[PDB]
$ cat final.cif   # mmCIF, C-alpha atoms
data_run
loop_
_atom_site.label_atom_id
_atom_site.label_comp_id
_atom_site.auth_asym_id
_atom_site.auth_seq_id
_atom_site.Cartn_x
_atom_site.Cartn_y
_atom_site.Cartn_z
CA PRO A 100 -132.73 -11.46 -34.21
CA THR A 101 -135.37 -13.79 -32.85
CA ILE A 102 -139.00 -13.71 -31.83
CA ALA A 103 -140.05 -13.65 -28.21
CA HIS A 104 -142.70 -16.15 -27.19
CA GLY A 105 -145.62 -16.20 -24.83
CA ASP A 106 -145.74 -19.92 -24.41
CA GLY A 107 -143.11 -22.20 -22.99
CA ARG A 108 -139.88 -23.08 -24.71
CA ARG A 109 -136.18 -22.87 -23.96
CA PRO A 110 -135.61 -19.76 -26.06
CA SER A 111 -132.51 -18.87 -27.98
CA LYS A 112 -130.64 -15.81 -26.83
CA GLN A 113 -129.18 -13.17 -29.14
CA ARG A 114 -127.54 -15.11 -31.94
CA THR A 115 -124.73 -13.59 -33.99
CA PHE A 116 -123.03 -15.23 -36.95
CA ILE A 117 -119.48 -14.57 -38.04
CA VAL A 118 -118.84 -16.08 -41.47
CA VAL A 119 -115.71 -15.53 -43.54
CA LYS A 120 -115.05 -16.23 -47.19
CA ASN A 121 -111.50 -16.78 -48.39
CA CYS A 122 -110.26 -15.64 -51.76
CA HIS A 123 -109.48 -17.82 -54.72
CA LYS A 124 -106.40 -17.68 -56.93
CA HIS A 125 -106.27 -18.23 -60.68
CA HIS A 126 -103.01 -18.38 -62.59
CA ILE A 127 -103.72 -18.09 -66.31
CA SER A 128 -100.80 -18.24 -68.72
CA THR A 129 -99.93 -19.02 -72.32
CA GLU A 130 -96.80 -19.29 -74.47
CA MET A 131 -95.68 -17.44 -77.58
CA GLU A 132 -92.62 -18.09 -79.74
CA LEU A 133 -90.43 -15.61 -81.57
CA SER A 134 -87.73 -16.50 -84.07
CA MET A 135 -84.19 -15.35 -83.35
CA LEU A 136 -83.93 -14.17 -86.95
CA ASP A 137 -86.68 -11.73 -85.97
CA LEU A 138 -84.84 -10.77 -82.78
CA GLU A 139 -81.25 -10.23 -83.85
CA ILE A 140 -82.26 -7.93 -86.72
CA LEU A 141 -84.74 -6.30 -84.37
CA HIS A 142 -81.75 -5.50 -82.13
CA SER A 143 -79.70 -4.01 -84.97
CA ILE A 144 -79.90 -0.76 -86.92
CA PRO A 145 -80.12 -1.07 -90.72
CA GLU A 146 -79.33 1.47 -93.43
CA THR A 147 -80.55 -0.29 -96.63
CA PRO A 148 -84.12 -0.29 -98.04
CA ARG B 9 -65.50 0.65 -93.13
CA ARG B 10 -66.36 3.22 -90.47
CA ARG B 11 -69.55 1.27 -89.79
CA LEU B 12 -67.31 -1.65 -88.81
CA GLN B 13 -65.94 0.61 -86.08
CA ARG B 14 -69.47 1.13 -84.78
CA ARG B 15 -70.07 -2.63 -85.04
CA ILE B 16 -66.95 -3.37 -83.01
CA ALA B 17 -68.12 -0.68 -80.58
CA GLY B 18 -71.42 -2.53 -80.21
CA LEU B 19 -69.58 -5.84 -79.83
CA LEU B 20 -66.62 -5.00 -77.55
CA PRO B 21 -67.58 -4.48 -73.89
CA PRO B 22 -67.37 -7.53 -71.65
CA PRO B 23 -68.96 -7.71 -68.21
CA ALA B 24 -67.06 -5.59 -65.72
CA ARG B 25 -64.45 -7.70 -63.94
CA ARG B 26 -62.65 -5.10 -61.82
CA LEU B 27 -63.82 -1.76 -60.48
CA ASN B 28 -61.66 0.65 -58.47
CA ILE B 29 -64.30 1.78 -56.00
CA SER B 30 -63.38 4.55 -53.55
CA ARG B 31 -66.00 4.63 -50.78
CA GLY B 32 -69.03 2.57 -49.93
CA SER B 33 -71.66 5.15 -49.00
CA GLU B 34 -71.37 7.01 -52.31
CA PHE B 35 -72.89 4.18 -54.45
CA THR B 36 -71.50 5.23 -57.82
CA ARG B 37 -73.26 4.46 -61.08
CA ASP B 38 -70.28 2.39 -62.26
CA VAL B 39 -70.47 -0.09 -59.39
CA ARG B 40 -74.23 -0.27 -59.97
CA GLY B 41 -73.54 -1.10 -63.61
CA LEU B 42 -71.21 -3.83 -62.41
CA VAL B 43 -73.70 -5.34 -59.97
CA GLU B 44 -76.90 -4.94 -62.00
CA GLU B 45 -77.81 -8.30 -63.49
CA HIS B 46 -80.88 -8.04 -65.70
CA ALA B 47 -84.17 -9.60 -64.64
CA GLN B 48 -86.38 -12.19 -66.33
CA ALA B 49 -89.95 -11.20 -65.41
CA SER B 50 -91.46 -7.75 -65.80
CA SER B 51 -94.78 -6.02 -66.32
CA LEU B 52 -96.26 -5.88 -69.80
CA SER B 53 -95.37 -2.58 -71.38
CA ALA B 54 -93.13 -2.13 -74.41
CA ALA B 55 -91.04 0.45 -72.56
CA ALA B 56 -91.01 -1.87 -69.55
CA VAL B 57 -90.03 -4.82 -71.75
CA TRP B 58 -87.35 -2.64 -73.35
CA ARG B 59 -85.85 -1.71 -69.99
CA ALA B 60 -86.13 -5.35 -68.94
CA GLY B 61 -84.54 -6.17 -72.30
CA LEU B 62 -86.06 -9.63 -72.68
CA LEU B 63 -85.97 -9.34 -76.47
CA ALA B 64 -82.16 -9.51 -76.55
CA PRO B 65 -80.70 -12.55 -78.36
CA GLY B 66 -79.84 -15.44 -76.07
CA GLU B 67 -78.90 -13.44 -72.99
CA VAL B 68 -80.48 -10.30 -71.64
CA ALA B 69 -79.08 -6.88 -72.57
CA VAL B 70 -80.54 -3.36 -72.71
CA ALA B 71 -80.39 -1.86 -76.18
CA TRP B 82 -71.91 -14.53 -71.97
CA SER B 83 -71.93 -13.33 -68.36
CA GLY B 84 -70.94 -16.74 -66.98
CA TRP B 85 -74.62 -17.43 -66.26
CA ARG B 86 -76.79 -20.07 -67.80
CA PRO B 87 -80.49 -19.85 -68.65
CA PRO B 88 -82.44 -22.77 -67.17
CA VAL B 89 -84.55 -25.15 -69.20
CA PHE B 90 -87.95 -26.28 -68.00
CA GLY B 91 -89.17 -29.75 -68.88
CA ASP B 92 -92.93 -30.18 -68.66
CA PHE B 93 -94.73 -33.30 -67.44
CA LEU B 94 -98.30 -34.55 -67.09
CA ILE B 95 -99.39 -36.89 -64.30
CA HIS B 96 -102.68 -38.09 -62.90
CA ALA B 97 -103.87 -36.10 -59.90
CA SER B 98 -103.88 -39.04 -57.49
CA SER B 99 -100.29 -40.00 -58.33
CA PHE B 100 -99.03 -36.81 -56.71
CA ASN B 101 -99.79 -34.78 -53.63
CA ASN B 102 -100.21 -31.03 -54.01
CA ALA B 103 -98.66 -30.52 -50.58
CA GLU B 104 -95.27 -31.52 -51.93
CA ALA B 105 -92.53 -28.99 -51.37
CA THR B 106 -91.38 -26.83 -54.24
CA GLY B 107 -87.76 -27.84 -53.95
CA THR B 108 -87.94 -31.61 -54.18
CA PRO B 109 -86.24 -33.84 -56.77
CA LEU B 110 -88.42 -35.95 -59.02
CA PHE B 111 -88.05 -39.25 -60.84
CA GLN B 112 -89.72 -40.21 -64.10
CA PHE B 113 -90.80 -43.79 -64.60
CA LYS B 114 -91.11 -44.62 -68.28
CA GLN B 115 -94.52 -46.09 -68.98
CA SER B 116 -94.81 -49.05 -71.33
CA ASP B 117 -97.28 -47.62 -73.84
CA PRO B 118 -95.79 -46.52 -77.18
CA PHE B 119 -97.93 -43.39 -77.48
CA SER B 120 -98.24 -42.08 -73.95
CA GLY B 121 -98.73 -38.34 -73.50
CA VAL B 122 -99.26 -38.73 -69.74
CA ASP B 123 -96.03 -39.58 -67.95
CA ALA B 124 -95.50 -41.01 -64.46
CA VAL B 125 -93.38 -39.05 -62.00
CA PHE B 126 -92.36 -40.15 -58.52
CA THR B 127 -91.16 -37.89 -55.75
CA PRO B 128 -89.12 -39.80 -53.12
CA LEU B 129 -92.00 -39.59 -50.63
CA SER B 130 -94.24 -41.24 -53.23
CA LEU B 131 -91.40 -43.50 -54.36
CA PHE B 132 -91.11 -44.77 -50.80
CA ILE B 133 -94.55 -46.39 -50.87
CA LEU B 134 -93.62 -48.30 -54.00
CA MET B 135 -91.09 -49.99 -51.73
CA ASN B 136 -92.75 -50.33 -48.32
CA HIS B 137 -96.04 -51.88 -49.38
CA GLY B 138 -94.90 -55.40 -49.96
CA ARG B 139 -93.13 -55.55 -46.57
CA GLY B 150 -91.51 -41.14 -38.83
CA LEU B 151 -90.79 -41.15 -42.54
CA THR B 152 -93.02 -44.08 -43.51
CA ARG B 153 -95.78 -42.56 -41.37
CA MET B 154 -95.76 -39.41 -43.49
CA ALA B 155 -95.43 -41.39 -46.71
CA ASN B 156 -98.57 -43.28 -45.78
CA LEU B 157 -100.29 -40.08 -44.65
CA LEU B 158 -99.80 -38.17 -47.90
CA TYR B 159 -100.27 -40.95 -50.45
CA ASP B 160 -102.85 -42.92 -48.51
CA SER B 161 -103.47 -45.85 -50.84
CA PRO B 162 -100.52 -47.66 -52.40
CA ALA B 163 -102.98 -49.04 -54.95
CA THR B 164 -103.19 -45.64 -56.59
CA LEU B 165 -99.42 -45.85 -57.12
CA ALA B 166 -98.89 -49.59 -57.49
CA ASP B 167 -100.45 -49.47 -60.96
CA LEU B 168 -98.41 -46.70 -62.60
CA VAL B 169 -95.69 -49.27 -62.78
CA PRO B 170 -97.49 -52.25 -64.33
CA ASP B 171 -95.08 -55.01 -63.31
CA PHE B 172 -93.09 -53.86 -60.32
CA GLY B 173 -92.26 -57.20 -58.74
CA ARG B 174 -90.94 -58.81 -61.91
CA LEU B 175 -88.87 -55.72 -62.63
CA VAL B 176 -87.31 -55.77 -59.18
CA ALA B 177 -86.85 -59.52 -59.52
CA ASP B 178 -84.58 -59.20 -62.56
CA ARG B 179 -82.90 -55.99 -61.27
CA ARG B 180 -83.59 -53.75 -64.26
CA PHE B 181 -85.45 -51.09 -62.31
CA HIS B 182 -82.70 -48.49 -62.37
CA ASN B 183 -82.35 -48.19 -66.14
CA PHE B 184 -86.08 -47.49 -66.43
CA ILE B 185 -86.08 -44.46 -64.10
CA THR B 186 -84.19 -41.39 -65.21
CA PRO B 187 -84.01 -38.55 -62.67
CA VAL B 188 -85.42 -35.27 -63.85
CA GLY B 189 -84.20 -33.08 -61.04
CA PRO B 190 -86.10 -30.69 -58.81
CA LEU B 191 -89.62 -29.30 -59.04
CA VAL B 192 -90.53 -25.66 -59.62
CA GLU B 193 -94.21 -25.00 -60.30
CA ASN B 194 -97.34 -27.08 -59.72
CA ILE B 195 -100.50 -25.65 -61.24
CA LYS B 196 -102.96 -27.59 -59.11
CA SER B 197 -105.26 -28.87 -61.81
CA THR B 198 -108.28 -31.08 -61.21
CA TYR B 199 -107.53 -34.32 -63.07
CA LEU B 200 -104.40 -34.15 -65.22
CA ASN B 201 -101.79 -32.27 -63.23
CA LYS B 202 -99.14 -30.34 -65.11
CA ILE B 203 -95.81 -29.92 -63.36
CA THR B 204 -92.69 -28.12 -64.48
CA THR B 205 -89.28 -29.40 -63.49
CA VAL B 206 -85.79 -28.14 -64.22
CA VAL B 207 -83.84 -30.86 -65.94
CA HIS B 208 -80.84 -28.58 -66.32
CA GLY B 209 -79.57 -25.22 -65.18
CA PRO B 210 -79.91 -22.76 -62.32
CA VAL B 211 -82.90 -23.91 -60.30
CA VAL B 212 -84.98 -20.77 -59.85
CA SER B 213 -88.72 -20.33 -59.57
CA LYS B 214 -91.09 -18.78 -62.08
CA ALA B 215 -92.96 -16.50 -59.71
CA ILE B 216 -93.82 -12.81 -59.95
CA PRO B 217 -91.93 -12.25 -56.68
CA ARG B 218 -89.09 -14.42 -57.89
CA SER B 219 -88.42 -16.21 -54.62
CA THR B 220 -85.46 -18.50 -54.04
CA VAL B 221 -86.03 -22.24 -54.08
CA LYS B 222 -84.21 -24.80 -51.94
CA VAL B 223 -84.16 -28.47 -52.90
CA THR B 224 -85.35 -30.63 -50.00
CA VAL B 225 -84.71 -34.34 -49.45
CA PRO B 226 -86.08 -36.09 -46.32
CA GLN B 227 -83.50 -36.51 -43.59
CA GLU B 228 -83.85 -40.22 -42.83
CA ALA B 229 -83.48 -41.01 -46.53
CA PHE B 230 -80.41 -38.75 -46.79
CA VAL B 231 -77.11 -39.69 -45.17
CA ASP B 232 -74.15 -37.37 -45.46
CA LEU B 233 -71.03 -38.94 -46.87
CA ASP B 234 -68.68 -36.17 -45.75
CA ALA B 235 -69.22 -36.48 -42.01
CA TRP B 236 -69.72 -40.22 -42.40
CA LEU B 237 -65.94 -40.37 -42.70
CA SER B 238 -65.94 -38.18 -39.53
CA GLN B 256 -57.81 -29.74 -46.21
CA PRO B 257 -58.91 -29.54 -49.92
CA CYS B 258 -62.42 -28.10 -49.89
CA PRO B 259 -63.74 -27.14 -53.33
CA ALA B 260 -66.73 -24.92 -53.99
CA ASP B 261 -68.92 -27.46 -55.81
CA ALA B 262 -69.73 -30.52 -53.72
CA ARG B 263 -72.10 -32.69 -55.72
CA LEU B 264 -75.31 -34.47 -54.70
CA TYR B 265 -75.68 -38.12 -55.66
CA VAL B 266 -78.77 -40.30 -55.78
CA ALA B 267 -78.47 -44.05 -55.32
CA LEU B 268 -81.05 -46.75 -55.82
CA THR B 269 -79.99 -49.89 -53.99
CA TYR B 270 -81.43 -53.38 -54.15
CA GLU B 271 -82.15 -54.95 -50.78
CA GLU B 272 -83.83 -58.26 -50.10
CA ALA B 273 -85.94 -56.26 -47.61
CA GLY B 274 -87.25 -54.13 -50.46
CA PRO B 275 -85.16 -51.68 -52.47
CA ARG B 276 -84.14 -48.33 -51.03
CA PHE B 277 -83.53 -44.83 -52.37
CA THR B 278 -80.77 -43.07 -50.49
CA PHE B 279 -79.19 -39.73 -51.30
CA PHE B 280 -75.58 -38.67 -50.90
CA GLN B 281 -73.70 -35.42 -50.41
CA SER B 282 -70.01 -35.48 -51.21
CA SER B 283 -67.12 -33.29 -52.27
CA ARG B 284 -65.29 -35.96 -54.25
CA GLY B 285 -64.94 -37.14 -57.82
CA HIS B 286 -67.07 -39.86 -59.36
CA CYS B 287 -64.04 -42.15 -59.25
CA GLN B 288 -64.01 -41.60 -55.51
CA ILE B 289 -67.77 -41.84 -55.20
CA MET B 290 -67.96 -45.39 -56.55
CA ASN B 291 -65.22 -46.70 -54.25
CA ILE B 292 -66.48 -45.00 -51.12
CA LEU B 293 -70.01 -46.10 -51.94
CA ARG B 294 -68.81 -49.69 -52.27
CA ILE B 295 -67.18 -49.40 -48.86
CA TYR B 296 -70.37 -47.82 -47.51
CA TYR B 297 -72.59 -50.58 -48.90
CA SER B 298 -70.18 -53.36 -47.82
CA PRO B 299 -72.58 -54.70 -45.12
CA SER B 300 -75.61 -54.70 -47.40
CA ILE B 301 -73.95 -56.64 -50.22
CA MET B 302 -73.14 -59.65 -48.06
CA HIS B 303 -76.49 -59.20 -46.32
CA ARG B 304 -78.18 -59.76 -49.67
CA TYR B 305 -75.66 -62.49 -50.46
CA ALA B 306 -76.45 -64.36 -47.27
CA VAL B 307 -80.22 -64.10 -47.44
CA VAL B 308 -80.76 -64.62 -51.18
CA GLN B 309 -78.32 -66.68 -53.18
CA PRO B 310 -77.94 -65.24 -56.69
CA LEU B 311 -79.51 -68.10 -58.65
CA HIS B 312 -79.64 -66.31 -62.01
CA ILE B 313 -77.15 -63.97 -63.62
CA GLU B 314 -79.01 -60.67 -63.26
CA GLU B 315 -79.34 -60.40 -59.46
CA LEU B 316 -75.67 -59.47 -59.10
CA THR B 317 -76.31 -55.81 -59.92
CA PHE B 318 -76.37 -54.07 -56.53
CA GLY B 319 -77.96 -50.88 -57.76
CA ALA B 320 -76.49 -47.77 -59.32
CA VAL B 321 -75.76 -44.08 -58.83
CA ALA B 322 -76.24 -40.87 -60.77
CA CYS B 323 -74.99 -37.35 -60.26
CA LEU B 324 -78.00 -35.15 -59.59
CA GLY B 325 -75.82 -32.05 -59.79
CA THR B 326 -73.70 -29.63 -57.81
CA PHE B 327 -74.21 -26.87 -55.27
CA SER B 328 -72.31 -24.72 -52.82
CA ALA B 329 -69.98 -26.76 -50.61
CA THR B 330 -69.93 -24.16 -47.81
CA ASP B 331 -73.59 -23.26 -47.25
CA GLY B 332 -74.82 -26.75 -47.98
CA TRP B 333 -77.59 -28.79 -46.41
CA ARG B 334 -79.15 -26.54 -43.81
CA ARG B 335 -81.74 -28.55 -41.89
CA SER B 336 -85.39 -27.57 -41.83
CA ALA B 337 -88.83 -28.94 -40.96
CA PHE B 338 -91.68 -30.02 -43.21
CA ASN B 339 -95.25 -29.95 -41.91
CA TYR B 340 -98.23 -31.68 -43.31
CA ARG B 341 -101.52 -31.07 -41.45
CA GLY B 342 -100.69 -33.71 -38.86
CA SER B 343 -97.02 -34.43 -38.54
CA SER B 344 -93.47 -33.26 -39.23
CA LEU B 345 -90.57 -35.15 -40.68
CA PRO B 346 -86.99 -33.90 -40.45
CA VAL B 347 -85.80 -32.76 -43.84
CA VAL B 348 -82.62 -31.32 -45.28
CA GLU B 349 -82.59 -28.25 -47.54
CA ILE B 350 -79.91 -28.12 -50.20
CA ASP B 351 -80.05 -24.42 -51.01
CA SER B 352 -79.34 -22.81 -54.41
CA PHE B 353 -78.95 -26.08 -56.26
CA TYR B 354 -77.62 -26.48 -59.81
CA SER B 355 -79.30 -29.42 -61.50
CA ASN B 356 -77.34 -31.71 -63.83
CA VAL B 357 -78.52 -35.28 -64.39
CA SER B 358 -76.24 -38.10 -65.52
CA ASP B 359 -76.85 -41.73 -66.40
CA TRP B 360 -76.59 -44.75 -64.14
CA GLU B 361 -73.22 -46.19 -63.12
CA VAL B 362 -73.63 -49.54 -61.40
CA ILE B 363 -72.35 -49.87 -57.82
CA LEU B 364 -71.50 -53.59 -57.71
CA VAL C 365 -148.07 7.72 -41.76
CA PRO C 366 -147.65 5.62 -44.91
CA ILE C 367 -147.94 1.85 -44.65
CA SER C 368 -146.66 -0.79 -47.03
CA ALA C 369 -148.94 -3.57 -48.31
CA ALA C 370 -150.46 -4.45 -51.68
CA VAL C 371 -154.20 -3.88 -52.11
CA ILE C 372 -156.71 -5.66 -54.33
CA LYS C 373 -160.32 -4.72 -55.07
CA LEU C 374 -163.35 -6.95 -54.48
CA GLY C 375 -166.66 -5.38 -55.46
CA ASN C 376 -167.33 -2.91 -52.67
CA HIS C 377 -164.45 -4.17 -50.52
CA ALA C 378 -160.90 -2.94 -51.13
CA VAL C 379 -158.92 -5.46 -49.14
CA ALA C 380 -155.18 -5.15 -48.64
CA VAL C 381 -152.93 -8.20 -48.67
CA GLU C 382 -149.58 -8.73 -46.96
CA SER C 383 -147.11 -11.57 -46.48
CA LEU C 384 -145.11 -12.18 -43.32
CA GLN C 385 -142.88 -14.88 -44.79
CA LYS C 386 -140.00 -12.42 -45.03
CA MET C 387 -140.78 -11.05 -41.59
CA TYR C 388 -140.19 -14.44 -39.94
CA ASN C 389 -137.69 -16.19 -42.19
CA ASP C 390 -135.13 -13.57 -41.23
CA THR C 391 -135.55 -14.88 -37.68
CA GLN C 392 -135.38 -18.58 -38.68
CA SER C 393 -138.57 -19.57 -36.95
CA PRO C 394 -141.20 -21.45 -38.98
CA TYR C 395 -143.96 -19.27 -40.46
#
$ encode --input "final.cif" --output "structure tokens"
Amino acid sequence: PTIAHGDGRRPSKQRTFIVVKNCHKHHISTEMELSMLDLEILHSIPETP
Amino acid sequence: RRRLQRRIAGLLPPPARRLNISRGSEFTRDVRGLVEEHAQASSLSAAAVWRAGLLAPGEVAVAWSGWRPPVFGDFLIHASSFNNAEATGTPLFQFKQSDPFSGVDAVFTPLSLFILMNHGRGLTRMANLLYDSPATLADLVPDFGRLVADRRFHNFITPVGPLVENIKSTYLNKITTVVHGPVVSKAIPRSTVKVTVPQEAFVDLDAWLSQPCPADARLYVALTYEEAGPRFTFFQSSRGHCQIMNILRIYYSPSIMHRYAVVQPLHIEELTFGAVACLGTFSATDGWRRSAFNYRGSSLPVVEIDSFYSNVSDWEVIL
Amino acid sequence: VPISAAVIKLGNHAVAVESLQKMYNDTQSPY
């Protein structure tokens, strides 16, 4: 909104702002390793202590 | 010795080759078990990882199939030596820097590799729009003119194949390229990727000739040495490498005597008229659908080799 | 009818004090 005036100016009419904000993106990632000797025997079934 | 029977039970079953289906609308479990190829990316739960089966040795199996897992070479380049509006499917070229301990490599896409050729003498409009200053690229090679002048530029650049993922960093950009294997993206919606090469740089060699059609027609790169500045052209063909050298000699037959007429070969190293390298194979039927590539201002014509299989070779000299 | 302004005390006088900076800077005219 604005103020009306008594004295002379060229007054602004009803202003109205439209402002948009776009999103960001963040792509966080890391890397782990796993030995195949801990993956083959993981994918087997043992019967030995 | 009965446990060996259970071991051979766990080892026997190949992928299903035939399947006597009866109707189509029924959608039996057996035909689903034929057509279900396991995934590569899933949500993070141990039951979800177990159904996705990513812990299986080598190839994926729920507790070999003619399919190969792709490798992913990683590179580091300065942020100004690359434009983040490059397409996903574009081939890349490594230039070996001269420092012994480097860490940060130097990769050229053909759009960027164009302005290493034009400065010093449409498509060139876009190549000057994206990489605005040649001076930000003229220094990654330290001695370009001497290296063109003795014609040992081709054995310094090894192709690395197409691009996949560009994490748009601030200063030291990290890109991932497939040097070998099925070119497929690492995205959470795993979208298909099509290798693009700009149209004016890419002349077909099949319809350039204007019954035996195989399935794998290869894609060849070719650096050529011109006295008007060297050029990088690309080639699609369904022939053997023995055929590719002869038909490329017949294709470059004007340019060789063009260079012979303008510049006499005073030394013994100028006689190398560039080389070729197999960049890999793809589908010979659905090949090279055209497409368009927009930057913010303009649009160059561009081909799209779809579902590409990357396989780099060395350089074989054209002569 | 309650009104909203801070009030200080000066001897016999209990003068209230208010600021119209907020009441004009929302309208972007100089105070």
$ interface_residues --input "final.cif" --of "chain A" --to "chain B" --cutoff "12 Å" --atoms "only C-alpha atoms" --output "MDAnalysis selection string"
chainID A and resid 124:128 132:146
$ resolve_selection --input "final.cif" --expression "the PyMOL selection byres ((chain C and resi 391) around 12)" --output "PyMOL selection string"
(chain A and resi 100-103+111-115) or (chain C and resi 384-390+392-395)
$ write_last_selection --input "final.cif" --atoms "C-alpha atoms" --output "PDB file, in the frame of the given file"
ATOM      1  CA  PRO A 100    -132.730 -11.460 -34.210  1.00  0.00           C
ATOM      2  CA  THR A 101    -135.370 -13.790 -32.850  1.00  0.00           C
ATOM      3  CA  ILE A 102    -139.000 -13.710 -31.830  1.00  0.00           C
ATOM      4  CA  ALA A 103    -140.050 -13.650 -28.210  1.00  0.00           C
ATOM      5  CA  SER A 111    -132.510 -18.870 -27.980  1.00  0.00           C
ATOM      6  CA  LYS A 112    -130.640 -15.810 -26.830  1.00  0.00           C
ATOM      7  CA  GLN A 113    -129.180 -13.170 -29.140  1.00  0.00           C
ATOM      8  CA  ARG A 114    -127.540 -15.110 -31.940  1.00  0.00           C
ATOM      9  CA  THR A 115    -124.730 -13.590 -33.990  1.00  0.00           C
TER      10      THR A 115
ATOM     11  CA  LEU C 384    -145.110 -12.180 -43.320  1.00  0.00           C
ATOM     12  CA  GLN C 385    -142.880 -14.880 -44.790  1.00  0.00           C
ATOM     13  CA  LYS C 386    -140.000 -12.420 -45.030  1.00  0.00           C
ATOM     14  CA  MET C 387    -140.780 -11.050 -41.590  1.00  0.00           C
ATOM     15  CA  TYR C 388    -140.190 -14.440 -39.940  1.00  0.00           C
ATOM     16  CA  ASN C 389    -137.690 -16.190 -42.190  1.00  0.00           C
ATOM     17  CA  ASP C 390    -135.130 -13.570 -41.230  1.00  0.00           C
ATOM     18  CA  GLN C 392    -135.380 -18.580 -38.680  1.00  0.00           C
ATOM     19  CA  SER C 393    -138.570 -19.570 -36.950  1.00  0.00           C
ATOM     20  CA  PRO C 394    -141.200 -21.450 -38.980  1.00  0.00           C
ATOM     21  CA  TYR C 395    -143.960 -19.270 -40.460  1.00  0.00           C
TER      22      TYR C 395
END
$ resolve_selection --input "final.cif" --expression "the PyMOL selection byres ((chain C and resi 371) around 9)" --output "ChimeraX atom specification"
/C:369-370,372-373,378-382
$ atom_distance --input "final.cif" --atom1 "atom CA of residue 263 of chain B" --atom2 "atom CA of residue 231 of chain B"
13.6 Å
$ resolve_selection --input "final.cif" --expression "the PyMOL selection byres ((chain B and resi 138-157) around 9)" --output "number ranges by chain"
B: 129-137, 158-162, 226-229, 273-274, 340, 342-346
$ closest_residue --input "final.cif" --among "B:291, B:51, B:339, B:317" --to "residue 216 of chain B" --atoms "only C-alpha atoms"
B:51
$ atom_distance --input "final.cif" --atom1 "atom CA of residue 205 of chain B" --atom2 "atom CA of residue 108 of chain B"
9.7 Å
$ atom_distance --input "final.cif" --atom1 "atom CA of residue 264 of chain B" --atom2 "atom CA of residue 301 of chain B"
22.7 Å
$ axis_aligned_box --input "final.cif" --around "segment 105-114 of chain B" --padding-each-side "8 Å" --output "JSON"
{"center_x": -89.4, "center_y": -35.7, "center_z": -59.8, "size_x": 22.3, "size_y": 33.8, "size_z": 32.9}
